[PDB]
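Enquirer: part one of the complex, untouched from its place in the assembly:
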Amino acid sequence: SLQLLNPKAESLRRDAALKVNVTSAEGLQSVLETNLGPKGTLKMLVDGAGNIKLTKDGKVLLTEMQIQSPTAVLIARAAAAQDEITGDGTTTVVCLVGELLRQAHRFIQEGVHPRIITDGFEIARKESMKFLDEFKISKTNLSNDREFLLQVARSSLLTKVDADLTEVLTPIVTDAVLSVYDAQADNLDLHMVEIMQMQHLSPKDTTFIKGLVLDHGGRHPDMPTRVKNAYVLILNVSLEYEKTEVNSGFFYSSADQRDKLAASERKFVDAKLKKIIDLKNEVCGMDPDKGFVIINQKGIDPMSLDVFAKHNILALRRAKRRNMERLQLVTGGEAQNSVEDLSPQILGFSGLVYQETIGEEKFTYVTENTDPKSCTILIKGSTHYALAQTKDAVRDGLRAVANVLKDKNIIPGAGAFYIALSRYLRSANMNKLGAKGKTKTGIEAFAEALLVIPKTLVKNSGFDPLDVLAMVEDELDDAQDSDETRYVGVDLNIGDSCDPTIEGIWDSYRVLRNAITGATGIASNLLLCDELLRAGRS
């Protein structure tokens, strides 16, 4: 019928559209499920320009590789919204949507309508929230213990790199959120940490710095790199004029006025710089071991560097926009644009400032702050792809530890929630059915589709999933009768059940929320889709 409207159109309806949706989901599942867990494989995103990059997150794999199929675009957009708000759990979303469409399509072939199947997923979804809010546990984060944050960070960073690099990098994640905390307002910013890309000794030789680190060096050699006590000063106006907004020109009457009109531009430079020199000696004159550094966002005149070089003034330029907020948090200063009003109160303080010449560039290091409300992480590496790999590891690990402070509740990992949720969604007696023999088909499909996560971890480790889950099933049968609450996991070293709380594996509360909510919505709408169409004007 569609060909009569547009001969150049196409349409798959009610059997070919269903196979496309399920095969595209299973095809996306079979490729991308291998990255799940610590034993997952590394992918090399080699584009046409030859750029190499190692990663295991499903967000960046699907972002660089354009998706041709229309179904997998909807799943990639779900991983984008998952990675956007949360930053973790993209591999669980594509596996749940792939398994839900697989388990649902098993029943659609048996002659069941898609409507009551999706109705069972929503009742099963709401039943999981009534199971999740009872399954979570509350802890007191006021103590600020380091042992809990390390093992929670170790659980997230083991799924990115091997063990020896995780042990070196897992203190860097815990050191990121030391001072950034507010009990009353409950405000916690993630963007204040600064990720610098640079080539140095090795990835395993990185370290945490308390204060700020800028990528700009001193232009003149005469200024001192070592400064024992520095008072920062924030500038935003450009000392070097780029252009005059109102058009004008110097028409000199004689040759004697040429150098005077050249000195007219020198007066406006000396006018705004004289207050800077007066600001230096206002604190104390002839004070050794006390420097004065200036951080400007816009450019600096090279003619003016001689003025800063004579008085031993460190000047940096072309700074970032978000760094202006980070200066006052680290050094404790105050941001200023003009130079009309100046005082020693607005100035910050720093205990140590130094520079290091690495290659054809120089990096400025500002450390030894009194009460800094921010910090930075140097991403050192032996190549170009390790920087992006460690950058994705930190950007995915910062969200896992930051959610512990946003909400005190935390779920144990190692597939404990998926295994425990399977039994609870078996038999809904008279709680929430809605109809006889209709909703229960979807309850069974949703319960069986959640257990693919612990099985996928076992497939990557190289053991049998049914054998290692049989003892997990036998363990929880006696745990209910033993009168003891016990959470079981999946250990991939020996192939035997385990205890997450004892060993140290955890998952964030918001990961499982948006993953189950996003997967159930996409799995529902794709089952409701009965026909694919295309139309347009080339």
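Expert: Arrived safely, thanks for sending. Numbers count the residues shown, from 1 in each chain, chains lettered A, B, ... in the order given.

Enquirer: Now the residue nearest the centre of chain A: phi and psi?
Expert: For chain A, the residue sitting closest to the mean C-alpha position, by CA atoms, centre = their mean, is residue A:395 at 3.2 Å. Main-chain torsions, residue A:395, degrees, to the nearest 10: phi -70, psi -30.

Enquirer: ok, so what distance separates it from residue A:191?
Expert: 11 Å (CB to CB, to the nearest Å). Placement of C-beta: from N, CA and C, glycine included.

Enquirer: Residue A:322 too?
Expert: 6 Å.

Enquirer: What of residue A:50?
Expert: 31 Å.

Enquirer: Comparing those two, which residue is more hemmed in?
Expert: residue A:191 (10 against 6; other CB atoms under 10 Å).

Enquirer: Which secondary structure state is assigned to the residue in chain A sticking out farthest from the centre?
Expert: Farthest-out residue of chain A from its mean C-alpha position, per CA atoms, centre = their mean: residue A:254, at 63.7 Å. With DSSP: H, G, I helix; E, B strand; the rest coil as the basis, residue A:254 sits in coil.

Enquirer: Ramachandran coordinates for it?
Expert: phi -150, psi 170.

Enquirer: Quick one: residues contacting it.
Expert: Listed by CB atoms under 8 Å, 6 or more residues apart in numbering, residue A:254 has no contact partners.

Enquirer: likewise residue A:322?
Expert: residue A:191.

Enquirer: how close does it get to residue A:83?
Expert: Taken as CB to CB, the span from residue A:322 to residue A:83 is 20 Å.

Enquirer: Please apply the same query to residue A:408.
Expert: 24 Å.

Enquirer: Going by residue numbers, what spans are strands in the stretch 1-150 of chain A?
Expert: A:10-13, A:43-44, A:54-55 (DSSP state E, counting those that start in this stretch).

Enquirer: I meant the stretch 301-450 of chain A, not that one.
Expert: A:314-316, A:352-358, A:361-367, A:376-381, A:411-412.

Enquirer: go ahead and place chain B:
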Amino acid sequence: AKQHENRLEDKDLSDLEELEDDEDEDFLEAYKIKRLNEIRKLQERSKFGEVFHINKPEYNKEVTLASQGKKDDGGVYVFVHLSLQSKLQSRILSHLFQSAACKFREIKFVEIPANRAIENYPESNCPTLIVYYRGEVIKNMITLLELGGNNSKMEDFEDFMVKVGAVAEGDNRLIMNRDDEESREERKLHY
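Expert: If we add chain B to the chains shown above, we get the following:
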């Protein structure tokens, strides 16, 4: 593919600031420094800006040496006008030169009487428009019947400057590309 290029290519230094809050700073400021350098080159090249009413001895220098410019092949276009006050098209073309001179300061606009230009020149062939570049004649244009004749407008003259390679197609100063502020205002409301 073009959707990513339109963010930077289709915005000047004044329009690039619109994407300061939306796009990344390093992606935007990297291109603003590039476009800022291009603006500085045009200011240094702005050696002209009014019609040079010359005379012949000088032609052998103003028209041709200029056409060499720096001789870095810094060529300079030089539009000559063999004016003839008795003709109606000549006075129209003189107005277009002064109007274009105020806008395109890098291009040299030259004018001279036609009777003083060539020995016994045909008055019927006037007004004549010659375009020099690196000493070579790029275009020996005849009377303005090609450009509408008596009904010649500023839009037709600016279009001719793009054909000879004197001004880029996507230049913001051309009236074809320089959309009115009221036009862009209606586009944003209806978007």
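
Enquirer: quick recheck of the contacts of residue A:322 now chain B is there?
Expert: Residues counted as contacts of residue A:322 (CB atoms under 8 Å, 6 or more residues apart in numbering or on different chains) are A:191, B:25.

Enquirer: what does the one 5 residues further on give?
Expert: For residue A:327, the residues meeting the contact criterion (CB under 8 Å, 6+ apart) are A:212, A:232, A:234, A:295, A:333, A:335, A:348.

Enquirer: Beta-bridge partners for the fourth one, please?
Expert: Beta-bridge pairing for residue A:295 (DSSP bridges): residue A:234, residue A:316.

Enquirer: Can you give me the distance of it to chain B?
Expert: As judged by CB to the nearest CB, to the nearest Å, residue A:295 and chain B stand 16 Å apart.

Enquirer: Kindly report the same for the last one.
Expert: In this view, residue A:348 and chain B are 23 Å apart by CB to the nearest CB.

Enquirer: That residue: what's it in contact with?
Expert: Contacts of residue A:348 (CB under 8 Å, 6+ apart): A:231, A:232, A:327, A:328, A:331, A:332, A:333, A:334.

Enquirer: and the closest residue to chain B within chain A, how far is that from residue B:26?
Expert: Using CB to the nearest CB, the closest approach of chain A to chain B is made by residue A:321 at 5.1 Å. Using CB to CB, residue A:321 is found at 10 Å from residue B:26.

Enquirer: Pick out whichever of those two has more residues nearby.
Expert: residue A:321 (12 against 9; other CB atoms under 10 Å in any protein chain shown).

Enquirer: wait, the more buried one sits on residue A:236?
Expert: No: taking contacts as CB atoms under 8 Å, residue A:321 lies outside contact range of residue A:236: 10.1 Å.

Enquirer: Please enumerate the shared neighbours of the two.
Expert: residue A:297.

Enquirer: For stretch A:459-470, buried residues please.
Expert: For stretch A:459-470, the buried set under the neighbour-count rule, 16 or more other CB atoms under 10 Å in any protein chain shown, comprises A:459, A:460, A:461, A:465, A:468, A:469.

Enquirer: Up against chain B, what does chain A have?
Expert: Proximity of chain A to chain B (CB under 8 Å from any CB of the partner chain) is limited to residues A:242, A:243, A:320, A:321, A:322.

Enquirer: Chain C comes next; put it on the structure above:
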Amino acid sequence: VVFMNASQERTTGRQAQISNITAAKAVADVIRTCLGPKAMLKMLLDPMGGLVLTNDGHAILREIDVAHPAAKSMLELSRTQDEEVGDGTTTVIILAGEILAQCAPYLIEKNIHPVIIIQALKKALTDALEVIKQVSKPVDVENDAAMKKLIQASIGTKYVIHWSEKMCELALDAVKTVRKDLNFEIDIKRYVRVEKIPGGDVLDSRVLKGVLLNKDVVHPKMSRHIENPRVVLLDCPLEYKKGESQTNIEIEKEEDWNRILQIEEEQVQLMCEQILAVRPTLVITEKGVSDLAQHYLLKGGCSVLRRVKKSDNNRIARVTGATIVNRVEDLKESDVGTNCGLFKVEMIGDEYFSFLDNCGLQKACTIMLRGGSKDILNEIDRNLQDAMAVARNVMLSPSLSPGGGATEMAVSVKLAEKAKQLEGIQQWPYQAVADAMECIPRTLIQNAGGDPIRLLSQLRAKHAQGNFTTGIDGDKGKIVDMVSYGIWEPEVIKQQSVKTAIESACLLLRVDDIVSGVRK
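Expert: Now chain C, sitting on the chains shown earlier:
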């Protein structure tokens, strides 16, 4: 010697009408399964690459380019139905197709003229509006409990029936905010804002009366939490405005160039001092802001946000009551907005969001929708447009009618009784209108999975007893009255459907020749 550059050949006679009526049937077949509560979903592949998952009729037709010109008259009916009401778009297409499909074997078989059919449809349309007026009844408009089930009627087809308890409260508070006193309900969809935020959970949502901005403050010293904010709207840029006269300055003395940049600082100084004449706390501007002007506003605590859209400034004006003033000299205490509160910037890693809340009856709000993907956010957003679209007509007119095939069946039963009573040449196409209303009940039954031949046979005998509120359930397919369940829609949707269906049939039935090749 062609004599015609535009289709010298012609397709005339009855074959052009077969292509017209068959094309009008084909556009209805691709959306026949898109009706009722058990309706399926569709996917469209635009050439730009932006996919969309839709079941509403208007979104299906507008994104499908059709080469057949006679079919395009059917494509635009959902566009007409959308801008007029915004609900009931699918019923107009299938109803117009059944009228054209039922009226097909009369020129072929009976050879009755089209203009006689045009007279028959108008008298049927006159009687259709008469019996719809008889079947409709009024209800109380101020009862919030009654408004929930009417909004739930259109929501039952869409995906968000599972959250119908939340969606009714989400839409009822929003439509009442923009509503005001003065066609007695002059509020417009343009004032209602709906910002789509990927991520979160759809269960967690609230109707905040404010304007949600998608940007951060320009300077880090500014406080993000204000207890008693004072909004001031501006159109002038805080930057130095460049004059359009192209003024050039002849600098001869040495102090002139320094004085110009000092006058630049003095102008921004004098300009910022006039902002502080009314001591505001929150400033909004639709243009850029220079870094020089940021420092002088720190002493006053005037939070500035830049590059705000023109429509958002109007929405900020109606909420806080501030007046948009371009120049900085005309700021008065009355110009400064008041009765604002709860200014807070919630930190989210994607983008910075700033909230607003109140304590000139025009008002506005911003519905922050949370979900799992950008495409389903458009689905829930379009359901919000359908959620308030069904609520406008019950507020405009108190009239109200049933639905679910019952109101369409009442038209067919009343027309069928008087069709035999007419006894004229126009009674043959007059019967086609009575048979054309049977597709909707039928469609609903077919999608539900029932047997339409016997379910509709007893429905004829049921309506013959003298009742009108008896419909067809969409889940199981009973002949139970809709008073128990509560399926009710406004009267304006069914009025616009029969009018647009009849008026579209009159346009397409009077075509006999097809030509092309004009290239206007």
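
Enquirer: With chain C now part of the structure, what is the answer for the contacts of residue A:322?
Expert: Per CB under 8 Å, 6+ apart, neighbours of residue A:322: A:191, B:25.

Enquirer: let's see it at 7 Å
Expert: residue A:191 (CB atoms under 7 Å, 6 or more residues apart in numbering or on different chains).

Enquirer: wait, what's in contact with the residue of chain B found nearest chain C?
Expert: As assessed by CB to the nearest CB, chain C sits closest to residue B:21 within chain B, at 4.7 Å. Residue B:21 sits next to C:215, C:307 when contact means CB under 7 Å, 6+ apart.

Enquirer: Need the nearest residue in space to the residue nearest to the centre of chain A, chain neighbours excluded.
Expert: Spatial nearest neighbour of residue A:395, chain neighbours left out: residue A:87 (6.6 Å); criterion: CB to CB, 6 or more residues apart in numbering or on different chains.

Enquirer: what's the answer for residue C:57, then?
Expert: According to CB to CB, 6+ apart, the nearest residue to residue C:57 is residue C:89 (3.3 Å).

Enquirer: ok, back up a step: what about the residue nearest to residue A:395, how many neighbours?
Expert: 25.

Enquirer: wait, it sits on residue A:396?
Expert: Yes: contact status for residue A:87 versus residue A:396: in contact at 5.6 Å, counting by CB atoms under 7 Å.

Enquirer: residue in chain B nearest to chain A?
Expert: residue B:25 (5.1 Å).

Enquirer: Does that residue touch residue A:321 like I think?
Expert: Yes: between residue B:25 and residue A:321 there is a contact at 5.1 Å, judged by CB under 7 Å.

Enquirer: quick one, longest helix in chain B?
Expert: With DSSP state H setting the assignment, residue counts place helix B:25-45 as the longest helix in chain B.

Enquirer: near chain B, which residues of the stretch 151-300 of chain C?
Expert: Neighbours of chain B within the stretch 151-300 of chain C, by CB under 7 Å from any CB of the partner chain: C:215, C:288.

Enquirer: Likewise for chain C?
Expert: Checking chain C against chain B by CB under 7 Å from any CB, the hits are C:215, C:288, C:307, C:310.
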